[PDB]
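Here is the file data.tsv (TSV, C-alpha atoms).
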chain	number	residue	atom	x	y	z
A	1	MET	CA	80.75	18.97	-42.75
A	2	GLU	CA	77.77	21.28	-43.43
A	3	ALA	CA	77.59	24.67	-41.72
A	4	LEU	CA	74.67	26.98	-41.00
A	5	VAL	CA	75.44	30.69	-41.18
A	6	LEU	CA	72.64	32.91	-39.78
A	7	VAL	CA	72.76	36.38	-41.26
A	8	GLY	CA	71.13	39.49	-39.81
A	9	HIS	CA	70.83	43.20	-40.59
A	10	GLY	CA	72.95	44.62	-37.75
A	11	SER	CA	72.19	47.81	-35.83
A	12	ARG	CA	73.68	50.87	-34.14
A	13	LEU	CA	72.14	49.33	-30.98
A	14	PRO	CA	73.28	45.92	-29.67
A	15	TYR	CA	69.88	44.18	-29.80
A	16	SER	CA	70.34	42.88	-33.34
A	17	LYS	CA	73.53	40.94	-32.58
A	18	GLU	CA	72.10	39.81	-29.24
A	19	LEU	CA	69.10	38.37	-31.14
A	20	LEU	CA	71.38	36.55	-33.61
A	21	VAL	CA	73.53	35.13	-30.79
A	22	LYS	CA	70.50	33.77	-28.86
A	23	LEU	CA	69.00	32.24	-32.06
A	24	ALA	CA	72.32	30.53	-32.83
A	25	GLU	CA	72.38	28.96	-29.34
A	26	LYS	CA	68.83	27.67	-29.84
A	27	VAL	CA	69.59	26.14	-33.24
A	28	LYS	CA	72.84	24.65	-31.91
A	29	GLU	CA	70.79	22.70	-29.37
A	30	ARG	CA	68.75	21.03	-32.12
A	31	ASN	CA	71.96	19.28	-33.30
A	32	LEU	CA	71.22	19.65	-36.98
A	33	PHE	CA	74.55	21.23	-37.90
A	34	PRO	CA	78.09	20.71	-36.54
A	35	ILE	CA	78.94	24.37	-37.30
A	36	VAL	CA	76.58	27.31	-36.63
A	37	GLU	CA	77.94	30.87	-37.11
A	38	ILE	CA	76.40	34.38	-37.21
A	39	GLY	CA	77.16	37.40	-39.43
A	40	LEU	CA	75.85	40.96	-39.46
A	41	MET	CA	75.50	43.03	-42.65
A	42	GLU	CA	76.26	46.35	-40.94
A	43	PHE	CA	77.67	48.04	-37.81
A	44	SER	CA	78.94	45.19	-35.75
A	45	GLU	CA	81.15	42.10	-35.80
A	46	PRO	CA	81.19	39.39	-36.88
A	47	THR	CA	80.58	40.44	-40.50
A	48	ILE	CA	79.00	38.07	-43.01
A	49	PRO	CA	82.43	37.64	-44.76
A	50	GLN	CA	83.94	36.92	-41.35
A	51	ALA	CA	81.35	34.24	-40.50
A	52	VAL	CA	81.59	32.46	-43.84
A	53	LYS	CA	85.43	32.41	-43.59
A	54	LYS	CA	85.22	31.09	-40.00
A	55	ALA	CA	83.10	28.14	-41.15
A	56	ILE	CA	85.44	27.32	-44.04
A	57	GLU	CA	88.30	27.40	-41.49
A	58	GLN	CA	86.43	24.75	-39.45
A	59	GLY	CA	86.33	22.61	-42.66
A	60	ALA	CA	82.78	23.21	-43.92
A	61	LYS	CA	82.27	22.19	-47.55
A	62	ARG	CA	78.57	23.06	-47.76
A	63	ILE	CA	77.49	26.31	-46.11
A	64	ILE	CA	73.77	27.09	-45.68
A	65	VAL	CA	73.14	30.86	-45.43
A	66	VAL	CA	69.79	31.77	-43.87
A	67	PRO	CA	68.86	35.48	-43.93
A	68	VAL	CA	67.13	36.22	-40.65
A	69	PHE	CA	65.02	39.08	-42.03
A	70	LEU	CA	61.23	39.29	-42.14
A	71	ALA	CA	60.94	40.52	-45.72
A	72	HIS	CA	63.26	40.79	-48.73
A	73	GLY	CA	65.05	44.13	-49.08
A	74	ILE	CA	68.31	45.53	-50.46
A	75	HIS	CA	70.41	43.32	-48.22
A	76	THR	CA	68.65	40.04	-49.01
A	77	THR	CA	68.45	40.61	-52.80
A	78	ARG	CA	71.76	42.43	-53.48
A	79	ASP	CA	74.34	43.06	-50.73
A	80	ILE	CA	74.33	39.51	-49.34
A	81	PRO	CA	74.23	37.41	-52.58
A	82	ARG	CA	77.00	39.67	-53.97
A	83	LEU	CA	79.30	38.93	-50.98
A	84	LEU	CA	78.57	35.21	-51.33
A	85	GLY	CA	79.63	35.29	-55.02
A	86	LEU	CA	76.22	34.04	-56.22
A	87	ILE	CA	75.57	37.03	-58.55
A	88	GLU	CA	78.11	39.36	-60.14
A	89	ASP	CA	79.62	42.79	-59.32
A	108	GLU	CA	86.47	49.27	-49.82
A	109	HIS	CA	84.06	46.43	-48.80
A	110	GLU	CA	85.08	43.27	-46.92
A	111	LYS	CA	86.05	40.63	-49.55
A	112	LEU	CA	85.15	36.95	-49.51
A	113	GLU	CA	87.04	34.33	-51.49
A	114	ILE	CA	85.23	31.02	-51.75
A	115	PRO	CA	87.44	27.97	-52.45
A	116	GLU	CA	86.48	25.70	-55.29
A	117	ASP	CA	85.34	22.77	-53.12
A	118	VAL	CA	83.02	24.97	-51.01
A	119	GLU	CA	79.40	25.53	-52.05
A	120	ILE	CA	77.15	28.26	-50.65
A	121	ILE	CA	73.41	27.66	-50.50
A	122	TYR	CA	71.56	30.95	-50.01
A	123	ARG	CA	68.13	30.47	-48.49
A	124	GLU	CA	64.94	32.43	-48.28
A	125	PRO	CA	63.88	34.96	-45.56
A	126	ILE	CA	61.14	34.51	-43.00
A	127	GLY	CA	58.20	35.98	-44.99
A	128	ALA	CA	54.56	36.01	-43.89
A	129	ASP	CA	54.79	32.63	-42.18
A	130	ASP	CA	51.87	31.37	-40.07
A	131	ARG	CA	54.15	31.07	-37.05
A	132	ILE	CA	54.82	34.80	-37.19
A	133	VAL	CA	51.10	35.48	-36.95
A	134	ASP	CA	51.13	33.23	-33.86
A	135	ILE	CA	53.90	35.35	-32.26
A	136	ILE	CA	51.97	38.52	-33.24
A	137	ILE	CA	48.88	37.22	-31.45
A	138	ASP	CA	50.88	36.28	-28.33
A	139	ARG	CA	52.48	39.75	-28.31
A	140	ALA	CA	49.06	41.39	-28.67
A	141	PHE	CA	48.15	39.88	-25.25
A	142	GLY	CA	51.47	40.98	-23.71
A	143	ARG	CA	52.90	37.48	-23.67
B	1	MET	CA	36.63	48.54	-28.95
B	2	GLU	CA	40.07	46.96	-29.44
B	3	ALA	CA	42.10	47.63	-32.52
B	4	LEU	CA	45.33	45.83	-33.29
B	5	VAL	CA	47.86	47.97	-35.19
B	6	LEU	CA	50.78	46.06	-36.78
B	7	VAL	CA	53.79	48.31	-37.17
B	8	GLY	CA	56.73	47.61	-39.46
B	9	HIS	CA	60.07	49.11	-40.52
B	10	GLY	CA	59.28	49.97	-44.17
B	11	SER	CA	61.88	50.10	-47.00
B	12	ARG	CA	62.77	51.65	-50.31
B	13	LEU	CA	61.76	48.30	-51.84
B	14	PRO	CA	58.06	47.30	-51.66
B	15	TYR	CA	58.43	43.86	-50.01
B	16	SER	CA	58.26	45.18	-46.44
B	17	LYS	CA	54.79	46.64	-46.92
B	18	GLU	CA	53.72	43.51	-48.81
B	19	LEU	CA	54.72	41.47	-45.71
B	20	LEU	CA	52.66	43.76	-43.42
B	21	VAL	CA	49.63	43.57	-45.73
B	22	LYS	CA	49.74	39.74	-45.91
B	23	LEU	CA	50.18	39.42	-42.11
B	24	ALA	CA	47.16	41.72	-41.52
B	25	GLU	CA	44.94	39.51	-43.67
B	26	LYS	CA	46.21	36.43	-41.82
B	27	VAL	CA	45.50	37.96	-38.42
B	28	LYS	CA	42.10	39.05	-39.69
B	29	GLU	CA	41.33	35.38	-40.37
B	30	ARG	CA	41.97	34.47	-36.72
B	31	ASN	CA	38.97	36.62	-35.74
B	32	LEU	CA	40.41	37.96	-32.52
B	33	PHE	CA	40.28	41.68	-33.31
B	34	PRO	CA	37.46	43.73	-34.87
B	35	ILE	CA	39.92	46.28	-36.33
B	36	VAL	CA	43.36	45.50	-37.74
B	37	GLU	CA	45.50	48.24	-39.36
B	38	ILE	CA	49.14	48.48	-40.57
B	39	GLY	CA	51.72	51.30	-40.38
B	40	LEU	CA	55.26	51.70	-41.69
B	41	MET	CA	57.92	53.58	-39.73
B	42	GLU	CA	59.68	55.00	-42.80
B	43	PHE	CA	59.38	55.41	-46.62
B	44	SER	CA	56.06	53.62	-47.31
B	45	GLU	CA	52.42	54.39	-46.64
B	46	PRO	CA	50.40	54.15	-44.49
B	47	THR	CA	52.51	55.78	-41.75
B	48	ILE	CA	52.23	54.67	-38.12
B	49	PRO	CA	50.44	57.97	-37.21
B	50	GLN	CA	48.10	57.35	-40.14
B	51	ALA	CA	47.25	53.81	-38.97
B	52	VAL	CA	46.60	54.74	-35.34
B	53	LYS	CA	44.40	57.71	-36.53
B	54	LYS	CA	42.44	55.44	-38.83
B	55	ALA	CA	41.69	53.09	-35.94
B	56	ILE	CA	40.44	55.93	-33.73
B	57	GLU	CA	38.16	56.97	-36.63
B	58	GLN	CA	36.52	53.52	-36.59
B	59	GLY	CA	35.83	54.09	-32.83
B	60	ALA	CA	38.39	51.98	-30.94
B	61	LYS	CA	39.14	53.11	-27.37
B	62	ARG	CA	41.80	50.43	-26.88
B	63	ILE	CA	44.57	50.30	-29.51
B	64	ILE	CA	47.18	47.56	-29.27
B	65	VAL	CA	50.39	48.41	-31.19
B	66	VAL	CA	52.56	45.40	-31.98
B	67	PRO	CA	56.05	46.02	-33.44
B	68	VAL	CA	56.62	43.57	-36.27
B	69	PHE	CA	60.42	43.76	-35.92
B	70	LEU	CA	62.81	40.97	-35.01
B	71	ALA	CA	64.81	42.91	-32.47
B	72	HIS	CA	64.68	46.28	-30.73
B	73	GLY	CA	66.27	49.20	-32.56
B	74	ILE	CA	65.91	52.98	-32.59
B	75	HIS	CA	62.35	52.87	-33.89
B	76	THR	CA	61.10	50.52	-31.17
B	77	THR	CA	62.97	52.23	-28.28
B	78	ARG	CA	62.44	55.89	-29.30
B	79	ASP	CA	60.54	56.81	-32.50
B	80	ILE	CA	57.49	54.58	-32.10
B	81	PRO	CA	56.83	55.28	-28.35
B	82	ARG	CA	57.34	59.04	-28.90
B	83	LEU	CA	54.81	59.09	-31.74
B	84	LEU	CA	52.28	57.20	-29.55
B	85	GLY	CA	52.70	59.66	-26.67
B	86	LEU	CA	54.08	57.18	-24.13
B	87	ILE	CA	57.44	58.96	-23.57
B	88	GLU	CA	58.69	62.60	-23.62
B	89	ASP	CA	60.89	64.01	-26.48
B	90	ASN	CA	62.88	67.24	-27.22
B	110	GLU	CA	52.64	64.09	-39.26
B	111	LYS	CA	51.10	64.64	-35.80
B	112	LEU	CA	49.11	61.89	-34.07
B	113	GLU	CA	46.40	63.38	-31.84
B	114	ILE	CA	45.20	60.53	-29.55
B	115	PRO	CA	41.92	61.42	-27.75
B	116	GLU	CA	41.81	61.28	-23.98
B	117	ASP	CA	39.28	58.39	-23.93
B	118	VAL	CA	41.62	56.09	-25.91
B	119	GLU	CA	44.44	53.99	-24.44
B	120	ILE	CA	47.48	52.86	-26.43
B	121	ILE	CA	49.13	49.60	-25.38
B	122	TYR	CA	52.59	49.28	-26.94
B	123	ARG	CA	53.79	45.70	-27.06
B	124	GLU	CA	57.15	44.00	-27.41
B	125	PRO	CA	58.92	42.92	-30.69
B	126	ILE	CA	59.36	39.37	-31.97
B	127	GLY	CA	62.67	38.49	-30.24
B	128	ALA	CA	64.40	35.07	-30.04
B	129	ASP	CA	61.18	33.08	-29.98
B	130	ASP	CA	61.23	29.30	-30.40
B	131	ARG	CA	58.90	29.68	-33.38
B	132	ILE	CA	61.53	31.78	-35.18
B	133	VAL	CA	64.06	28.97	-34.77
B	134	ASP	CA	61.48	26.56	-36.27
B	135	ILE	CA	61.06	28.84	-39.31
B	136	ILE	CA	64.89	29.19	-39.59
B	137	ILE	CA	65.26	25.42	-39.62
B	138	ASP	CA	62.58	25.05	-42.30
B	139	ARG	CA	64.30	27.72	-44.38
B	140	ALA	CA	67.67	25.95	-44.02
B	141	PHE	CA	66.25	22.82	-45.71
B	142	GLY	CA	64.53	24.96	-48.38
B	143	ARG	CA	60.99	24.60	-47.17
How does this structure look as structure tokens?
Amino acid sequence: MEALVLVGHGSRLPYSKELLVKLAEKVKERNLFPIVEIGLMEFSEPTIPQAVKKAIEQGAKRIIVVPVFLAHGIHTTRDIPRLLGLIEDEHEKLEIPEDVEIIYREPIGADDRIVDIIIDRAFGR
Amino acid sequence: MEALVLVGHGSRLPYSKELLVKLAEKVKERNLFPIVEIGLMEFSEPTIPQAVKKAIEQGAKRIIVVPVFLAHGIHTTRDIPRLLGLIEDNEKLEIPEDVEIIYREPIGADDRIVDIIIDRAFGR
């Protein structure tokens, strides 16, 4: 079965995980994916290696990794695709079995729907 | 006069500013705000103090500051509101007495974000 892993930055504060948890609930309710997991790059659990390994353990053969970041940065272009084994080079460590494929997706970017949210927020809504 | 100031994290890489620039053009095209400026918390320029000051200079007495961040973090709960003069503390933003700053809320777990995430999952 396919899995979605949502991946976030992580924070010293708990808002970043809380955001990822809520988003995962919302996408679970769209019934697109049997398995939906979250990972945080830094600070808190679950880690990205932990989330990938938890989706393999549920028997996922195709894992979609969506970086929930607004723009590309060091995490989206280096730290994350390294962990997932997609580009080369005491860490975490993630082994990916041969029959598992990781599909690393694109961040949010300057999407029109973000300008919608910006306008709502401008009016305190 | 109503300025909207979009405020972002900033990074050592240039993509974060590029995102703020692009979003500011896109909100300009909605024609809701006469003045639209961007500021970056860290690393990049313009700074948040620089952006707010450059809105005052164009004569806005109402400046809306919208945090373009997914979740709250230390910048949105401490650094940005300190800078704007809305909380106590203990390169310098003045803020004249005839201008009001309205600090808004970050993006959060909006339904539109889950729509974007689903698009991104299928590679659109």
TODO: Would you list the residues near (56.2, 46.3, -31.3), meaning any protein, DNA or RNA residue with an atom at most 6 Å from that point in file coordinates, counting all atoms listed in the file, as a PyMOL selection string?
DONE: chain B and resi 66-68+123-125
For those residues, write C-alpha atoms to a file as an mmCIF file, in the frame of the given file.
data_model
loop_
_atom_site.group_PDB
_atom_site.id
_atom_site.type_symbol
_atom_site.label_atom_id
_atom_site.label_comp_id
_atom_site.auth_asym_id
_atom_site.auth_seq_id
_atom_site.Cartn_x
_atom_site.Cartn_y
_atom_site.Cartn_z
ATOM 1 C CA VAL B 66 52.560 45.400 -31.980
ATOM 2 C CA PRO B 67 56.050 46.020 -33.440
ATOM 3 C CA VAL B 68 56.620 43.570 -36.270
ATOM 4 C CA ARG B 123 53.790 45.700 -27.060
ATOM 5 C CA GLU B 124 57.150 44.000 -27.410
ATOM 6 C CA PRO B 125 58.920 42.920 -30.690
#
Open item on the list: Can you pull out the residues contacting stretch 83-87 of chain A? Cut-off 10 Å, using only C-alpha atoms, and skip same-chain residues under 2 positions away; I want them as a PyMOL selection string.
Closed with: chain A and resi 48-49+52+65+77-81+89+109-114+119-122
TODO: Would you kindly return, as a ChimeraX atom specification, each protein, DNA or RNA residue with an atom no farther than 7 Å from any atom of stretch 7-24 of chain A, considering only C-alpha atoms and excluding same-chain residues fewer than 3 positions away?
DONE: /A:27-28,36,38-44,48,65-69 /B:71-73,127-128,133
Task: Point-to-point distance from atom CA of residue B:84 to atom CA of residue B:27, Å rounded to tenths - done: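 Here the two named atoms are 22.2 Å from each other.
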- [ ] Compare B:33, B:10, B:69, B:63 by their minimum atom-to-atom distance to residue B:46, counting only C-alpha atoms, and give me the closest one.
- [x] B:10
Take every atom of stretch 55-59 of chain B listed in the file, fit an axis-aligned box around them, add 6 Å per side, and give the centre and edge lengths in Å to one decimal as AutoDock Vina command-line options.
--center_x 38.8 --center_y 55.0 --center_z -34.7 --size_x 17.9 --size_y 15.9 --size_z 15.8
TODO: Figure out the distance between atom CA of residue A:131 and atom CA of residue A:32, please, to one decimal in Å.
DONE: 20.5 Å
Task: Interatomic distance, atom CA of residue B:12 to atom CA of residue B:42 (Å, one decimal) - done: 8.8 Å
TODO: Residues of chain B no more than 9 Å from chain A, counting only C-alpha atoms: send them over as a ChimeraX atom specification.
DONE: /B:4,6,11-20,22-24,26-27,32,64-74,121-137,139-143
- [ ] Would you be able to write out as a VMD selection string which residues have an atom within 6 Å of (53.1, 49.1, -40.1) in the file's coordinates, counting only C-alpha atoms?
- [x] chain B and resid 6 to 8 38 to 40 48
Deliver the residues from the most recent selection as a file, using C-alpha atoms, as an mmCIF file, in the coordinates of the input.
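Final output, saved to again07.cif:
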data_model
loop_
_atom_site.group_PDB
_atom_site.id
_atom_site.type_symbol
_atom_site.label_atom_id
_atom_site.label_comp_id
_atom_site.auth_asym_id
_atom_site.auth_seq_id
_atom_site.Cartn_x
_atom_site.Cartn_y
_atom_site.Cartn_z
ATOM 1 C CA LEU B 6 50.780 46.060 -36.780
ATOM 2 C CA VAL B 7 53.790 48.310 -37.170
ATOM 3 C CA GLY B 8 56.730 47.610 -39.460
ATOM 4 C CA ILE B 38 49.140 48.480 -40.570
ATOM 5 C CA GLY B 39 51.720 51.300 -40.380
ATOM 6 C CA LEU B 40 55.260 51.700 -41.690
ATOM 7 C CA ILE B 48 52.230 54.670 -38.120
#
Can stretch 61-113 of chain B be brought up to N, CA and C atoms and written out as a short mmCIF file (atom, residue, chain, number, x, y, z; two decimals), keeping the file's coordinate frame?
data_model
loop_
_atom_site.label_atom_id
_atom_site.label_comp_id
_atom_site.auth_asym_id
_atom_site.auth_seq_id
_atom_site.Cartn_x
_atom_site.Cartn_y
_atom_site.Cartn_z
N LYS B 61 38.63 52.41 -28.54
CA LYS B 61 39.14 53.11 -27.37
C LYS B 61 40.32 52.34 -26.77
N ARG B 62 40.60 51.15 -27.29
CA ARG B 62 41.80 50.43 -26.88
C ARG B 62 42.64 50.03 -28.10
N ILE B 63 43.79 50.67 -28.34
CA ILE B 63 44.57 50.30 -29.51
C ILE B 63 45.85 49.58 -29.08
N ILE B 64 45.99 48.33 -29.55
CA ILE B 64 47.18 47.56 -29.27
C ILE B 64 48.14 47.78 -30.43
N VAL B 65 49.38 48.21 -30.15
CA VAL B 65 50.39 48.41 -31.19
C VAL B 65 51.49 47.35 -31.04
N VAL B 66 51.62 46.50 -32.05
CA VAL B 66 52.56 45.40 -31.98
C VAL B 66 53.67 45.64 -33.00
N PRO B 67 54.93 45.80 -32.53
CA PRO B 67 56.05 46.02 -33.44
C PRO B 67 56.44 44.76 -34.20
N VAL B 68 56.19 44.72 -35.50
CA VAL B 68 56.62 43.57 -36.27
C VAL B 68 58.06 43.82 -36.69
N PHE B 69 58.98 43.67 -35.73
CA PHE B 69 60.42 43.76 -35.92
C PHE B 69 61.06 42.57 -35.20
N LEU B 70 62.19 42.08 -35.70
CA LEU B 70 62.81 40.97 -35.01
C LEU B 70 63.34 41.46 -33.68
N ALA B 71 64.20 42.49 -33.72
CA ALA B 71 64.81 42.91 -32.47
C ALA B 71 64.42 44.36 -32.17
N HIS B 72 64.77 44.86 -31.00
CA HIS B 72 64.68 46.28 -30.73
C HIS B 72 65.70 47.01 -31.58
N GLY B 73 65.38 48.24 -31.93
CA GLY B 73 66.27 49.20 -32.56
C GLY B 73 65.69 50.59 -32.24
N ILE B 74 66.17 51.61 -32.96
CA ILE B 74 65.91 52.98 -32.59
C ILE B 74 64.43 53.32 -32.76
N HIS B 75 63.76 52.62 -33.67
CA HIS B 75 62.35 52.87 -33.89
C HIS B 75 61.51 52.35 -32.72
N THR B 76 61.86 51.17 -32.21
CA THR B 76 61.10 50.52 -31.17
C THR B 76 61.42 51.07 -29.79
N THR B 77 62.59 51.69 -29.58
CA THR B 77 62.97 52.23 -28.28
C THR B 77 62.76 53.75 -28.20
N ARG B 78 62.58 54.44 -29.34
CA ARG B 78 62.44 55.89 -29.30
C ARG B 78 61.33 56.41 -30.22
N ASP B 79 61.46 56.21 -31.53
CA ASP B 79 60.54 56.81 -32.50
C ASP B 79 59.10 56.33 -32.31
N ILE B 80 58.87 55.01 -32.16
CA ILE B 80 57.49 54.58 -32.10
C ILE B 80 56.85 55.06 -30.79
N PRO B 81 57.44 54.81 -29.59
CA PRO B 81 56.83 55.28 -28.35
C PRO B 81 56.66 56.79 -28.21
N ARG B 82 57.50 57.59 -28.88
CA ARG B 82 57.34 59.04 -28.90
C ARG B 82 56.04 59.40 -29.62
N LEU B 83 55.96 58.98 -30.88
CA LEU B 83 54.81 59.09 -31.74
C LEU B 83 53.51 58.73 -31.00
N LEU B 84 53.50 57.64 -30.21
CA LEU B 84 52.28 57.20 -29.55
C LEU B 84 51.99 58.01 -28.28
N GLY B 85 52.95 58.80 -27.81
CA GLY B 85 52.70 59.66 -26.67
C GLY B 85 53.03 59.00 -25.34
N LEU B 86 53.81 57.91 -25.36
CA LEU B 86 54.08 57.18 -24.13
C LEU B 86 55.36 57.67 -23.47
N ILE B 87 56.22 58.42 -24.18
CA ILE B 87 57.44 58.96 -23.57
C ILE B 87 57.56 60.42 -23.98
N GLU B 88 58.38 61.22 -23.27
CA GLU B 88 58.69 62.60 -23.62
C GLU B 88 59.69 62.69 -24.79
N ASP B 89 59.85 63.85 -25.45
CA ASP B 89 60.89 64.01 -26.48
C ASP B 89 61.88 65.15 -26.21
N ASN B 90 62.05 66.03 -27.22
CA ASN B 90 62.88 67.24 -27.22
C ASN B 90 64.06 67.12 -26.24
N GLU B 110 51.28 63.91 -39.85
CA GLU B 110 52.64 64.09 -39.26
C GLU B 110 52.51 64.18 -37.74
N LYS B 111 51.33 64.55 -37.24
CA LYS B 111 51.10 64.64 -35.80
C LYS B 111 49.90 63.77 -35.43
N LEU B 112 50.14 62.80 -34.54
CA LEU B 112 49.11 61.89 -34.07
C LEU B 112 48.45 62.50 -32.84
N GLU B 113 47.14 62.72 -32.91
CA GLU B 113 46.40 63.38 -31.84
C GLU B 113 46.30 62.53 -30.57
#
